[PDB]
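Numbering of ligands and ligand atoms starts at 1, following listing order. Basis for what follows: all heavy atoms, side chains included, without hydrogens, waters or symmetry-related copies. Below, chain A is the first sequence line, B the second, and so on; all start at residue 1.
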Number of protein chains: 2
Amino acid sequence: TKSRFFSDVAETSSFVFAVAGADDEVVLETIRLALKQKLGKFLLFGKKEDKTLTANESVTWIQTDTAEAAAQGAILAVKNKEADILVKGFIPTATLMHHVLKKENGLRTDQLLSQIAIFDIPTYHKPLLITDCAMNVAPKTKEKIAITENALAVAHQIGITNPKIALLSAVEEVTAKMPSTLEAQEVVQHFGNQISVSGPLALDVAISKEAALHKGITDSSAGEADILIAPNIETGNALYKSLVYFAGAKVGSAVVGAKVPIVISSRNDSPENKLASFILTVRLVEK
Amino acid sequence: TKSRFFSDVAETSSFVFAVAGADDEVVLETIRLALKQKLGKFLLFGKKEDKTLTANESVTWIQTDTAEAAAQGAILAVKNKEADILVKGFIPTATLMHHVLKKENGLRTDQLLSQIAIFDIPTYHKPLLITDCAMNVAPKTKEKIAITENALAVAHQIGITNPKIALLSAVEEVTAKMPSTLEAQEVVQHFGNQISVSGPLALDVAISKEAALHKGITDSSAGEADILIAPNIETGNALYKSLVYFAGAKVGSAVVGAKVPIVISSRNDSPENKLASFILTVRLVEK
Ligand code: NI
Ligand code: NI
Ligand code: NI
Ligand code: NI
């Protein structure tokens, strides 16, 4: 038997999702699913109301004929404590973040923003957090620190014990030929022994006891990573997708580091994984 | 029912493997397995003979007390047409390649060398080639071309029809923020319509019809990639490992682009996957 982050017991909740661009089924489907299980309530900023959806007592529609004003309103709702979670609707991520990063809008803090995802992978025995798979493109040491910090906050917020973090690379030898290894090393040195952080580690070493041993790695944090820190966006994303498409993984994803959790789902995500993202952000709301 | 590259019918063969540093079980185990099914014959350059192994009529032992001379002999055996396949034994990859790349040793050609791997993934329906997962660290456009060229040669040599190639990235929007996308684009433009090459593509788009459609990608080469070209080593390697450790994949791997196929297996690989690498290189030998 394994540990699962997403159980068959529906998290319920009264938190408010502000949806920036509540249009198109790719956006609405997830909202329906949430309502079905009462995951929370919704503030919808959109062009064309779905009056079959907005009849729900937990739904309120805010007409916005502009993607600009759609992001703008959803952002302000959160700023004013009217919504707990920011959700990107049918608009570009660039448009949402342009407003999210606007300091006067008060969502930004000192932290780098980063995407993070939590996976239930049937061939793993516990939940796996992977970051950053969708936002930070080529983070260097400083950014990787912040990304790891955000991962830590997330682990703590959602009840992952004392997480084992693995800075991912292609090898565990630190070499000038492969900067990801060097940056991995310097991230590890930032934290020292404050947390269980290690790397550079290839993936096998990070999540397989057998592989570690075969590579002469003898501790008990190897093969048990709770959090992987991608070396670059392409690695994080490939990994994310292989888990979903080949490993049969269930995954919830969010952008963290702002005053509220942000959902930024992609067009390809299954309704189930997009719901899972809602659930994750609900689990991330600390009052 | 799916197509499998590695069948239950054992490829047999009379080709000769030259093993550079035939020592330690991590190296020998694979050789035993090959012998069991008569995959081919062996020229072993090693420190300490295994006389239980070398009694085999298909095995000949060449005493070498140096990793240097171990690589050196295995290389010369291939140069002289005494062996068909070069296998790295219990020595560093750096030591093997130092001799492999020595032009006077005649293994090198005009081509970039690259690692490539062929996967049978139960949740995919046909074999998947992924490159480069272990050698080229940060290939740019020129290198990615060569890598793709090597992939093409490999596809042709092993009977993969007209392969669909996908230049992998985190997104399909080409942007200056993410050079992998730009380089992907320029690789695609090198080939034009000579082959089915496309990208930048995130992984979902490359190997899932459903995902492509969800992203407004309407052809019939999407969701059917036969070959993925990694944007960088960390992505290729992560992908390789997730397939093995999470997707239950069977995988054979080789370094290609030299006069003979080269096996460079890692300490963590299962004996089965290492055998699979032997089989792949047997399949790669063209006389
Ligand atoms: Ni606490
Ligand atoms: Ni520091
Ligand atoms: Ni032909
Ligand atoms: Ni060109």
Report task. For salt bridge (charged side-chain N to carboxylate O under 4.0 Å, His left out), just list the numbers for A:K144 and A:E186, CA-CA rounded to whole Å, side-chain angles, deciding distance to a tenth of an Å, and then say yes or no. Result -> CA-CA 9 Å; A:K144 282 173 169 169; A:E186 298 184 338; over 6 Å; no
Query raised in the report: Can we call the ring centroids of B:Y240 and B:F119 under 6.0 Å apart?
Result: yes
Query - Closest non-hydrogen atom pair, A:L275 against A:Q37 - result: CD2-NE2, 3.7 Å
Query raised in the report: Side chains of A:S114 and A:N150: is there a donor and an acceptor less than 3.5 Å apart?
Result: yes
Report task. Might you point out which heavy atoms bring B:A225 and B:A166 nearest each other, and give the distance in Å? Result -> CB-CB, 4.2 Å
Report summary line: Which atom of A:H190 is nearest the Ni ion (ligand 2), counting N, O or S only? It is ND1
Query raised in the report: With a distance cut-off below 6.0 Å to the six-membered ring centre and an angular limit of 45° from the axis, does A:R283 pair with A:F278 as a cation-pi contact?
Result: no
**Report entry** Sphere of radius 2.8 Å around the Ni ion (ligand 1) - protein N, O or S atoms inside
**Finding:** A:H156 NE2
